[PDB]
Structure formats: structure tokens, C-alpha cells
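What follows is the content of work01.tsv, which has TSV, C-alpha atoms and all ligand atoms:
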chain	number	residue	atom	x	y	z
G	1	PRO	CA	0.00	0.00	0.00
G	2	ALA	CA	3.06	2.16	-0.62
G	3	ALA	CA	2.90	5.72	-1.84
G	4	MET	CA	5.66	8.16	-2.73
G	5	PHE	CA	5.78	11.84	-3.55
G	6	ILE	CA	8.53	13.76	-5.33
G	7	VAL	CA	8.86	17.52	-5.77
G	8	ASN	CA	11.38	19.00	-8.23
G	9	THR	CA	11.76	22.75	-7.86
G	10	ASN	CA	14.01	25.68	-8.68
G	11	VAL	CA	13.55	27.23	-5.25
G	12	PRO	CA	16.78	27.05	-3.25
G	13	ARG	CA	17.52	24.52	-0.54
G	14	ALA	CA	17.62	27.20	2.17
G	15	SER	CA	13.98	28.03	1.35
G	16	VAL	CA	12.76	24.44	1.91
G	17	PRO	CA	11.75	24.21	5.58
G	18	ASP	CA	13.45	21.49	7.61
G	19	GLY	CA	10.04	20.11	8.57
G	20	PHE	CA	8.65	19.99	5.03
G	21	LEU	CA	9.26	16.29	4.37
G	22	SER	CA	7.46	15.37	7.62
G	23	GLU	CA	4.62	17.79	6.89
G	24	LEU	CA	4.17	16.23	3.45
G	25	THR	CA	4.35	12.73	4.91
G	26	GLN	CA	1.67	13.44	7.49
G	27	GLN	CA	-0.65	15.32	5.14
G	28	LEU	CA	-0.38	12.68	2.41
G	29	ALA	CA	-1.02	9.93	4.97
G	30	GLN	CA	-4.26	11.64	5.97
G	31	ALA	CA	-5.29	12.40	2.39
G	32	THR	CA	-4.70	8.86	1.13
G	33	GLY	CA	-5.93	7.09	4.26
G	34	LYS	CA	-2.59	5.27	4.55
G	35	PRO	CA	-0.41	4.91	7.66
G	36	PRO	CA	2.47	7.42	7.43
G	37	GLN	CA	4.87	4.49	7.58
G	38	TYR	CA	3.91	3.65	3.98
G	39	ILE	CA	4.64	7.15	2.61
G	40	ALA	CA	8.00	8.21	1.15
G	41	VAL	CA	8.84	11.78	0.18
G	42	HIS	CA	11.65	13.29	-1.90
G	43	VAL	CA	12.27	17.02	-2.36
G	44	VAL	CA	14.75	18.25	-4.99
G	45	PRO	CA	15.58	21.96	-4.74
G	46	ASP	CA	17.94	24.21	-6.74
G	47	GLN	CA	16.86	22.75	-10.06
G	48	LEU	CA	17.33	24.34	-13.49
G	49	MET	CA	13.70	24.68	-14.59
G	50	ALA	CA	11.26	26.75	-16.57
G	51	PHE	CA	7.47	26.71	-16.60
G	52	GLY	CA	5.78	28.49	-19.50
G	53	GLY	CA	9.18	29.83	-20.52
G	54	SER	CA	9.73	31.64	-17.20
G	55	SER	CA	11.99	30.68	-14.30
G	56	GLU	CA	10.01	32.16	-11.45
G	57	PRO	CA	9.48	29.53	-8.72
G	58	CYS	CA	7.82	26.39	-10.07
G	59	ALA	CA	7.51	22.68	-9.34
G	60	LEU	CA	7.18	19.41	-11.22
G	61	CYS	CA	5.91	16.69	-8.92
G	62	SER	CA	4.81	13.06	-8.99
G	63	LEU	CA	2.61	10.99	-6.70
G	64	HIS	CA	2.91	7.23	-7.22
G	65	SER	CA	0.53	5.20	-5.09
G	66	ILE	CA	-0.79	1.67	-4.84
G	67	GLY	CA	-4.46	2.58	-5.05
G	68	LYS	CA	-6.12	5.79	-3.85
G	69	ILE	CA	-5.67	7.40	-7.28
G	70	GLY	CA	-8.55	8.51	-9.51
G	71	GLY	CA	-10.30	11.50	-11.00
G	72	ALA	CA	-11.92	12.84	-7.84
G	73	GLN	CA	-9.06	11.89	-5.52
G	74	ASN	CA	-6.52	13.56	-7.79
G	75	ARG	CA	-8.54	16.79	-7.85
G	76	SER	CA	-8.45	16.76	-4.05
G	77	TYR	CA	-4.72	15.95	-3.81
G	78	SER	CA	-3.95	18.86	-6.12
G	79	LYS	CA	-5.59	21.30	-3.70
G	80	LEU	CA	-3.70	19.79	-0.77
G	81	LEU	CA	-0.34	19.81	-2.52
G	82	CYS	CA	-0.69	23.20	-4.20
G	83	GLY	CA	-1.55	24.63	-0.77
G	84	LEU	CA	1.57	23.14	0.82
G	85	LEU	CA	3.85	24.26	-2.01
G	86	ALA	CA	2.33	27.74	-2.01
G	87	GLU	CA	2.77	28.28	1.71
G	88	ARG	CA	6.04	26.52	2.43
G	89	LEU	CA	7.95	27.04	-0.84
G	90	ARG	CA	6.25	30.27	-2.06
G	91	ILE	CA	5.35	28.69	-5.39
G	92	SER	CA	2.32	30.03	-7.28
G	93	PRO	CA	-0.17	27.15	-7.76
G	94	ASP	CA	-0.42	27.81	-11.50
G	95	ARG	CA	3.31	26.96	-11.74
G	96	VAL	CA	2.90	23.41	-10.35
G	97	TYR	CA	2.30	20.16	-12.20
G	98	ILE	CA	1.63	16.92	-10.33
G	99	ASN	CA	1.67	13.65	-12.28
G	100	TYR	CA	-0.45	10.92	-10.66
G	101	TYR	CA	0.31	7.21	-11.04
G	102	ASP	CA	-1.83	4.32	-9.82
G	103	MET	CA	0.78	1.59	-9.34
G	104	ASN	CA	-0.01	-2.10	-9.47
G	105	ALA	CA	1.32	-3.92	-6.39
G	106	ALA	CA	3.33	-6.22	-8.67
G	107	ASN	CA	5.20	-3.19	-10.01
G	108	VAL	CA	6.37	-1.80	-6.67
G	109	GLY	CA	9.42	-3.44	-5.12
G	110	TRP	CA	10.07	-3.20	-1.38
G	111	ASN	CA	11.97	-5.30	1.15
G	112	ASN	CA	13.50	-7.76	-1.34
G	113	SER	CA	10.16	-8.47	-3.00
G	114	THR	CA	7.11	-6.67	-4.37
G	115	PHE	CA	3.73	-5.92	-2.86
G	116	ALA	CA	1.98	-8.52	-5.00
A	1	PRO	CA	-2.44	21.59	-22.85
A	2	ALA	CA	0.36	20.31	-20.55
A	3	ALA	CA	3.69	18.81	-21.47
A	4	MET	CA	6.91	18.51	-19.51
A	5	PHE	CA	10.40	17.52	-20.53
A	6	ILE	CA	13.29	16.48	-18.30
A	7	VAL	CA	16.90	15.79	-19.30
A	8	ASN	CA	19.29	14.08	-16.89
A	9	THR	CA	22.91	14.14	-17.99
A	10	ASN	CA	26.47	13.72	-16.75
A	11	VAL	CA	27.65	16.72	-18.73
A	12	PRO	CA	28.70	19.64	-16.51
A	13	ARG	CA	26.46	22.60	-15.75
A	14	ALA	CA	28.92	25.02	-17.39
A	15	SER	CA	28.40	23.29	-20.74
A	16	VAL	CA	24.64	23.95	-20.75
A	17	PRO	CA	24.29	27.06	-22.95
A	18	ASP	CA	22.55	30.21	-21.82
A	19	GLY	CA	19.10	30.06	-23.36
A	20	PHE	CA	18.87	26.26	-23.41
A	21	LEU	CA	15.69	26.13	-21.28
A	22	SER	CA	14.04	28.67	-23.58
A	23	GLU	CA	15.13	26.77	-26.65
A	24	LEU	CA	13.64	23.56	-25.26
A	25	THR	CA	10.41	25.37	-24.37
A	26	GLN	CA	9.95	26.92	-27.78
A	27	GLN	CA	11.02	23.87	-29.77
A	28	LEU	CA	8.69	21.63	-27.74
A	29	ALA	CA	5.78	24.06	-28.09
A	30	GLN	CA	6.25	23.97	-31.87
A	31	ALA	CA	6.73	20.21	-32.02
A	32	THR	CA	3.72	19.37	-29.86
A	33	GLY	CA	1.52	22.20	-31.12
A	34	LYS	CA	0.87	23.28	-27.54
A	35	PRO	CA	1.02	26.87	-26.32
A	36	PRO	CA	4.34	27.57	-24.58
A	37	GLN	CA	2.48	28.70	-21.42
A	38	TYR	CA	1.88	25.06	-20.51
A	39	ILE	CA	5.29	23.60	-21.41
A	40	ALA	CA	7.65	22.91	-18.51
A	41	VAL	CA	11.32	21.99	-18.85
A	42	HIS	CA	13.87	20.65	-16.38
A	43	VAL	CA	17.58	20.14	-17.06
A	44	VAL	CA	19.73	18.16	-14.60
A	45	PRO	CA	23.50	18.27	-15.27
A	46	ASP	CA	26.48	16.81	-13.40
A	47	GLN	CA	24.77	13.48	-12.77
A	48	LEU	CA	26.48	10.18	-11.91
A	49	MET	CA	25.47	8.10	-14.89
A	50	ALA	CA	26.56	5.38	-17.26
A	51	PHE	CA	25.18	4.24	-20.61
A	52	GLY	CA	26.38	0.81	-21.73
A	53	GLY	CA	28.78	0.82	-18.75
A	54	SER	CA	30.58	3.90	-20.06
A	55	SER	CA	30.51	7.30	-18.42
A	56	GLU	CA	31.14	9.22	-21.62
A	57	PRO	CA	28.47	11.94	-22.11
A	58	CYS	CA	24.95	10.50	-22.07
A	59	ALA	CA	21.37	11.46	-21.21
A	60	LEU	CA	18.18	9.95	-19.82
A	61	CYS	CA	15.14	12.05	-20.63
A	62	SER	CA	11.35	11.98	-20.31
A	63	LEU	CA	8.55	13.72	-22.16
A	64	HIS	CA	5.19	13.56	-20.38
A	65	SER	CA	2.37	15.05	-22.42
A	66	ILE	CA	-1.41	15.10	-22.41
A	67	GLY	CA	-1.82	13.63	-25.88
A	68	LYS	CA	0.43	14.33	-28.87
A	69	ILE	CA	2.24	11.04	-28.21
A	70	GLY	CA	2.37	8.16	-30.67
A	71	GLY	CA	4.54	6.14	-33.02
A	72	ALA	CA	5.29	8.73	-35.67
A	73	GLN	CA	5.17	11.68	-33.28
A	74	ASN	CA	7.70	10.10	-30.94
A	75	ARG	CA	10.11	9.44	-33.80
A	76	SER	CA	9.87	13.09	-34.76
A	77	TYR	CA	10.42	14.24	-31.17
A	78	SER	CA	13.42	11.97	-30.86
A	79	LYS	CA	15.10	13.44	-33.93
A	80	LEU	CA	14.38	16.94	-32.62
A	81	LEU	CA	15.58	16.29	-29.08
A	82	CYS	CA	18.62	14.15	-29.92
A	83	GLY	CA	19.57	16.89	-32.37
A	84	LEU	CA	19.39	19.51	-29.62
A	85	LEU	CA	21.35	17.38	-27.16
A	86	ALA	CA	24.04	16.72	-29.76
A	87	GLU	CA	24.32	20.36	-30.89
A	88	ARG	CA	24.02	22.07	-27.50
A	89	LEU	CA	25.37	19.51	-25.01
A	90	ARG	CA	27.66	17.47	-27.31
A	91	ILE	CA	25.96	14.19	-26.38
A	92	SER	CA	25.97	11.46	-29.05
A	93	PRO	CA	22.41	10.47	-30.05
A	94	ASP	CA	23.17	6.79	-29.47
A	95	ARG	CA	23.87	7.60	-25.79
A	96	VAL	CA	20.42	9.16	-25.22
A	97	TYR	CA	17.17	7.57	-24.11
A	98	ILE	CA	13.90	9.50	-24.14
A	99	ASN	CA	10.88	7.94	-22.45
A	100	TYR	CA	7.51	9.12	-23.80
A	101	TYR	CA	4.35	9.17	-21.67
A	102	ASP	CA	0.83	9.95	-22.84
A	103	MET	CA	-0.82	11.25	-19.68
A	104	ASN	CA	-4.55	11.11	-19.06
A	105	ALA	CA	-5.81	14.60	-18.22
A	106	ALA	CA	-7.24	13.26	-14.93
A	107	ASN	CA	-3.70	12.24	-13.94
A	108	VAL	CA	-2.12	15.67	-14.37
A	109	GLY	CA	-2.71	18.09	-11.52
A	110	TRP	CA	-2.29	21.82	-12.02
A	111	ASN	CA	-3.49	24.80	-9.98
A	112	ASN	CA	-5.76	23.09	-7.46
A	113	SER	CA	-7.41	20.66	-9.85
A	114	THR	CA	-6.56	18.38	-12.78
A	115	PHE	CA	-6.87	18.89	-16.52
A	116	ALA	CA	-9.84	16.50	-16.81
C	1	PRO	CA	17.05	-4.09	-25.85
C	2	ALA	CA	16.84	-1.00	-23.54
C	3	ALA	CA	16.49	-0.68	-19.82
C	4	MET	CA	17.36	2.07	-17.41
C	5	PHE	CA	17.71	2.13	-13.65
C	6	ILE	CA	17.75	5.13	-11.33
C	7	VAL	CA	18.43	5.14	-7.59
C	8	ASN	CA	17.71	8.26	-5.55
C	9	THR	CA	19.08	8.14	-2.01
C	10	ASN	CA	19.95	10.30	0.97
C	11	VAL	CA	23.21	8.45	1.52
C	12	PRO	CA	26.27	10.63	0.82
C	13	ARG	CA	28.17	10.48	-2.45
C	14	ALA	CA	31.36	9.41	-0.69
C	15	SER	CA	29.59	6.26	0.56
C	16	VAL	CA	28.84	5.07	-2.99
C	17	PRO	CA	31.66	2.57	-3.65
C	18	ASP	CA	33.93	2.90	-6.65
C	19	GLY	CA	32.55	0.69	-9.41
C	20	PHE	CA	28.90	0.85	-8.28
C	21	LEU	CA	27.69	2.05	-11.71
C	22	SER	CA	29.58	-0.80	-13.39
C	23	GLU	CA	28.17	-3.35	-10.99
C	24	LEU	CA	24.61	-2.12	-11.60
C	25	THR	CA	25.17	-2.27	-15.36
C	26	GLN	CA	26.56	-5.78	-15.24
C	27	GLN	CA	24.02	-7.20	-12.84
C	28	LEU	CA	21.04	-5.59	-14.59
C	29	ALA	CA	22.24	-6.90	-17.97
C	30	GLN	CA	22.41	-10.40	-16.45
C	31	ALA	CA	19.04	-10.09	-14.72
C	32	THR	CA	17.10	-8.70	-17.69
C	33	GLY	CA	18.88	-10.73	-20.39
C	34	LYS	CA	19.72	-7.54	-22.33
C	35	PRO	CA	23.10	-6.57	-23.79
C	36	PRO	CA	25.01	-4.36	-21.34
C	37	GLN	CA	25.38	-1.81	-24.17
C	38	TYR	CA	21.72	-0.87	-23.75
C	39	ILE	CA	21.57	-0.72	-19.95
C	40	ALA	CA	21.70	2.85	-18.56
C	41	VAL	CA	22.21	3.60	-14.86
C	42	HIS	CA	21.79	6.78	-12.85
C	43	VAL	CA	22.75	7.15	-9.18
C	44	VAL	CA	21.60	10.21	-7.23
C	45	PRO	CA	23.09	10.55	-3.73
C	46	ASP	CA	22.75	13.26	-1.06
C	47	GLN	CA	19.01	13.65	-1.60
C	48	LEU	CA	16.53	15.25	0.78
C	49	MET	CA	14.28	12.25	1.48
C	50	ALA	CA	12.17	10.51	4.05
C	51	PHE	CA	10.66	7.04	4.19
C	52	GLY	CA	7.83	6.43	6.67
C	53	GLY	CA	8.60	9.78	8.29
C	54	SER	CA	12.21	8.79	9.07
C	55	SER	CA	15.28	10.35	7.42
C	56	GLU	CA	17.49	7.33	8.09
C	57	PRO	CA	19.10	5.90	4.92
C	58	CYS	CA	16.50	5.09	2.27
C	59	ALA	CA	16.07	4.91	-1.52
C	60	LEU	CA	13.48	5.50	-4.21
C	61	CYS	CA	14.31	3.75	-7.47
C	62	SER	CA	12.84	3.06	-10.90
C	63	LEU	CA	13.51	0.41	-13.51
C	64	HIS	CA	12.11	1.23	-16.96
C	65	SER	CA	12.56	-1.64	-19.40
C	66	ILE	CA	11.33	-2.61	-22.85
C	67	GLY	CA	9.77	-5.90	-21.77
C	68	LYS	CA	11.26	-8.24	-19.17
C	69	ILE	CA	8.82	-6.86	-16.59
C	70	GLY	CA	6.22	-8.97	-14.73
C	71	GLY	CA	5.21	-10.50	-11.42
C	72	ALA	CA	7.97	-13.05	-10.99
C	73	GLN	CA	10.64	-11.01	-12.78
C	74	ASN	CA	9.98	-7.96	-10.61
C	75	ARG	CA	10.29	-10.01	-7.44
C	76	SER	CA	13.64	-11.27	-8.68
C	77	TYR	CA	14.84	-7.76	-9.57
C	78	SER	CA	13.77	-6.52	-6.15
C	79	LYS	CA	15.78	-9.17	-4.35
C	80	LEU	CA	18.81	-8.36	-6.51
C	81	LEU	CA	18.52	-4.58	-6.17
C	82	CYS	CA	17.57	-4.37	-2.50
C	83	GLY	CA	20.47	-6.73	-1.81
C	84	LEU	CA	22.86	-4.42	-3.65
C	85	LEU	CA	21.52	-1.33	-1.86
C	86	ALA	CA	21.92	-3.08	1.49
C	87	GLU	CA	25.39	-4.45	0.87
C	88	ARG	CA	26.88	-1.53	-1.06
C	89	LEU	CA	25.03	1.50	0.34
C	90	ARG	CA	24.01	0.13	3.78
C	91	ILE	CA	20.33	0.90	3.16
C	92	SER	CA	17.83	-1.40	4.87
C	93	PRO	CA	15.75	-3.25	2.25
C	94	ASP	CA	12.56	-2.21	4.05
C	95	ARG	CA	13.48	1.43	3.32
C	96	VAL	CA	13.61	0.99	-0.46
C	97	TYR	CA	10.88	1.36	-3.08
C	98	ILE	CA	11.52	0.32	-6.70
C	99	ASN	CA	8.92	1.24	-9.33
C	100	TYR	CA	8.84	-1.03	-12.38
C	101	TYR	CA	7.71	0.13	-15.84
C	102	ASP	CA	7.27	-2.00	-18.95
C	103	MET	CA	7.92	0.47	-21.78
C	104	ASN	CA	6.56	-0.01	-25.26
C	105	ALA	CA	9.36	0.20	-27.82
C	106	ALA	CA	7.52	3.00	-29.63
C	107	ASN	CA	7.74	5.05	-26.42
C	108	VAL	CA	11.52	4.88	-26.06
C	109	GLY	CA	13.61	7.27	-28.12
C	110	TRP	CA	17.25	6.52	-28.95
C	111	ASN	CA	19.64	7.52	-31.73
C	112	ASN	CA	17.34	10.06	-33.44
C	113	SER	CA	14.46	7.60	-33.58
C	114	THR	CA	12.57	5.13	-31.39
C	115	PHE	CA	12.82	1.39	-30.91
C	116	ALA	CA	9.51	0.81	-32.65
G	201	CL	CL	6.28	28.67	6.28
G	202	CL	CL	1.80	-0.12	-12.59
G	203	CL	CL	1.35	30.64	-24.57
G	204	CL	CL	1.64	9.37	-33.94
G	205	CL	CL	28.15	4.15	-26.52
G	206	CL	CL	-1.98	8.52	-17.24
G	207	CL	CL	14.98	-7.81	-24.23
G	208	CL	CL	18.99	12.38	5.29
G	209	CL	CL	19.28	-7.53	1.85
G	210	CL	CL	11.37	2.22	8.24
G	211	CL	CL	4.87	2.59	-22.64
G	212	CL	CL	22.27	5.51	-37.37
G	213	NA	NA	25.43	1.63	-18.00

Translate this structure into C-alpha cells?
Amino acid sequence: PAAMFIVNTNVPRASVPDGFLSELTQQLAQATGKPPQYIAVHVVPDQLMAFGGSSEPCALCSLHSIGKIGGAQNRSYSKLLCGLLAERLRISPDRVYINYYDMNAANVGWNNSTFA
Amino acid sequence: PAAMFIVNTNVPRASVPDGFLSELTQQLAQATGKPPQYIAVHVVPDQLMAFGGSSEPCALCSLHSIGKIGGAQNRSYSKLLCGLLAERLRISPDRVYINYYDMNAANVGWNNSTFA
Amino acid sequence: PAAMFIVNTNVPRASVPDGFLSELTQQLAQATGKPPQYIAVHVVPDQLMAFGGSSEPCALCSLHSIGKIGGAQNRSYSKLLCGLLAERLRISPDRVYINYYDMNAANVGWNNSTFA
């Protein structure tokens, strides 16, 4: 029942709060209904990026999850995640993409095996 | 209207020309037929990479797009993008992979919703 | 004949042993049955990451492969790859996710074209 979230951004490392990974973990756990133990998070600052040809702060993100992905859920996650990026990283929400992936258990390895 | 392109390479940051992000944005807008406002680009130099076991210059790239992906289109994008990587970054085309992804609109979040 | 493996980890660059990229290339060629020429590897240390809310050593990885992906194969790759991350990088296997992707040939660009 793994899930993982990655944020790639041009904002500098010093502007990513030290608690941001834990905030994301906790908020995603609540949003997906998964124990936080199952959630992994990866933040990549200082990237060379443009969004719409401009290099104001932006983010390209991905959420890969075994289940809990779908049209309505994804609309809800986008509000959650845009809110977090807007407040903590000062990124305008119209400069964020989030790609959503519903992963089959057989296609997620963990602990020397897969979830299937 | 969304598309996003990432290039990961071992070539050094100093060898990425000024204007490269803008060139990628404009060339991708033209190639995909999408307005530049919704094209995002991400260039990641100085990576620890090998291609065929060799650490000569190489790249691993991804193009995620809502539509505009398919057999003939992807061949055209590959000629365009390998050409740019060869000309601008001096990477041989046979040391480049580009993964193409046709994203469902429901699976791309942007500005507090999805594109669905 | 293409496959590509990325490992993102918080472990420091200096802890990645000399030859790790070569070992990954060789072992992935053996495991997938593909010529080593077409195996690409990408190792990304020093990342800002958490797994289950802990920032102890962890990894998020992906294997994209034209074929050679499936239930039994992915279990085998996970045992191989988690074993390598444990032995070489000292990452507990229960702090690793590996996402597996079976790529269509038409969706992998290489050498100014695609594999389709
Ligand atoms: Cl804040
Ligand atoms: Cl899947
Ligand atoms: Cl535009
Ligand atoms: Cl086509
Ligand atoms: Cl080569
Ligand atoms: Cl999709
Ligand atoms: Cl094969
Ligand atoms: Cl850490
Ligand atoms: Cl192990
Ligand atoms: Cl753990
Ligand atoms: Cl595919
Ligand atoms: Cl040729
Ligand atoms: Na290699």
C-alpha cells in the first residue's frame, strides 16, 4: 500500500523548511488514508527549470501510489499539494504540475520483494 | 495543454548554454503544437550516470504530455531532441534515451485541480 | 534491448563505492537478459528524502525496461537490487521502493528515432 511523492523545484535549498518532508508525509497519509509508515517523500531543490518559458518559482511533482488514485481523488490531492507548495515554498499554484500514477502492487518493489 | 520535458545528464552545468531552457520550451511548443504557457522543462546536469557501462556523455530524458504522443510523433520528437542534445550539449544520439508518456488529463494536476 | 535504472538516495556520495555504476550495469544486464550496451544507470546521492517519516538511509528507485517486466521477474529484480543497496550502500531493504515500468518500444527514443 506504498505511496511516494517527489517535488522537483528551482527554489533554493535554504527556502525548503526542515520540517517539510514530515509535513508532506503526514498530510499525504491523511489524504490517502494510509499509515504514514507507507509514505516516502523526496524534495529536490535548486533545479534548473522553466514553466511556461519563465523561471520564477515552479515545481514538477509526482505521486505514485498503490491505489487511492482517480479523477476525484486527484482533484483533491492537487488542492492539498498546491496549498503546501504555495505556503512553504512560495510557489504560485499555477506553476505546479503533479503527475499521478496508480501503481499495481506487482510493479512496486520493497523489502527484497514486491507488494503482490 | 500540458507537457513537460526532463533531461538528466552527466555533462557539466557550465556546458549547458545560456538560453537552453528557452530553446527547449519553444522547440517543444512547436513540435507538440501546444502553447508555450503550458510547457515545462527541467535540465539536470552533473549526474552520476553510465550508458552501456561507459561514463562518456549520455542522457536519460522523459517527455510527459497530455496527448500528442504516438509512433510517428515520438520518432519526430526523438530526432528533434537528440539533435538539440548533440548540438548544445555534445551528447551522441546513441547515448540518449527519451521515455515518452501519454498522460490522461485526470492524472495531471495543475493549480488546485486536474486537466480532466 | 533498452532498460534504465535510477536510484535516488539520501546516503552521501562518498559512501557510494567505486565501481557501483559498473556493478549495476553488469548485474542488470544479467538479470534482464539484455546486452550491457543498452543498460543505462543513474545514481543520485545526497538527496533530501524521508521514508515512513524517518530520514534514516533510504532509496526510491525506478527500472524502466522494454519488456522483461512482470510479477515473478519484478520479485527477482527486487531481491537483486535491495540486496545491492543493502550491501553496497548500507540501506535497509525495508526502506527501499523500486517502481517497475514495462515500456513499449515506440515510447523509447534513442539515436534520433525510437525502438519501434
Ligand atoms: Cl512557512
Ligand atoms: Cl503499474
Ligand atoms: Cl502561450
Ligand atoms: Cl503518432
Ligand atoms: Cl556508446
Ligand atoms: Cl496517465
Ligand atoms: Cl529484451
Ligand atoms: Cl537524510
Ligand atoms: Cl538484503
Ligand atoms: Cl522504516
Ligand atoms: Cl509505454
Ligand atoms: Cl544511425
Ligand atoms: Na550503464

**Request:** Just the residues within 8 Å of region 41-43 of chain A, please, counting only C-alpha atoms, with nothing from its chain fewer than 5 positions along; format it as a ChimeraX atom specification.
**Result:** /G:47-51 /A:4-8,21,24-25

**Polymer residues at most 9 Å from region 34-37 of chain A, only C-alpha atoms, same-chain spacing of 3 or more positions, as an NGL selection string** = (:G and (51-54)) or (:A and (1-3 or 25-26 or 28-31 or 40))

**Message:** Within 8 Å of chain A, which residues belong to chain G? Use only C-alpha atoms and report them as an MDAnalysis selection string.
**Reply:** chainID G and resid 47:53 70:71 74:76 78:80 82 93:101

**Asked** Of the candidates C:69, C:61, C:14, C:89, which one gets nearest to ligand CL 211 (chain G) if we count all atoms listed in the file?
**Response** C:69

**Prompt:** Just how far from CA of residue 16 (chain A) is CA of residue 55 (chain G), in Å to one decimal?
**Reply:** 15.7 Å

Edge lengths and centre, in Å to one decimal, as AutoDock Vina command-line options: that's what I need for the box along x, y and z that holds all listed atoms of region 70-89 of chain G plus 6 Å on each side.
--center_x -2.0 --center_y 18.4 --center_z -4.3 --size_x 31.9 --size_y 31.8 --size_z 25.4

**Item:** Contacts to ligand CL 207 (chain G) at 7 Å cut-off (all atoms listed in the file) as a ChimeraX atom specification
**Value:** /C:1,32-34,66-68

**Proximity to ligand NA 213 (chain G) - best of A:72, A:81, A:59, A:11, only C-alpha atoms and all ligand atoms** =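 Of A:72, A:81, A:59, A:11, the one nearest ligand NA 213 (chain G) is A:59, counting only C-alpha atoms and all ligand atoms.
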
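Closest approach to residue 10 (chain G) among G:84, G:27, G:56, G:65: G:56, based on only C-alpha atoms.
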
**Request:** Work out how far atom CL of ligand CL 204 (chain G) is from CA of residue 87 (chain A), in Å to one decimal.
**Result:** 25.4 Å

**Message:** Rounded to one decimal, what separation in Å do you get between CA of residue 91 (chain G) and CA of residue 58 (chain G)?
**Reply:**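 Interatomic distance here is 5.8 Å.
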
**Prompt:** When distances are computed from all atoms listed in the file, which of C:92, C:77, C:62, C:85 shows the smallest separation from ligand CL 202 (chain G)?
**Reply:** C:62
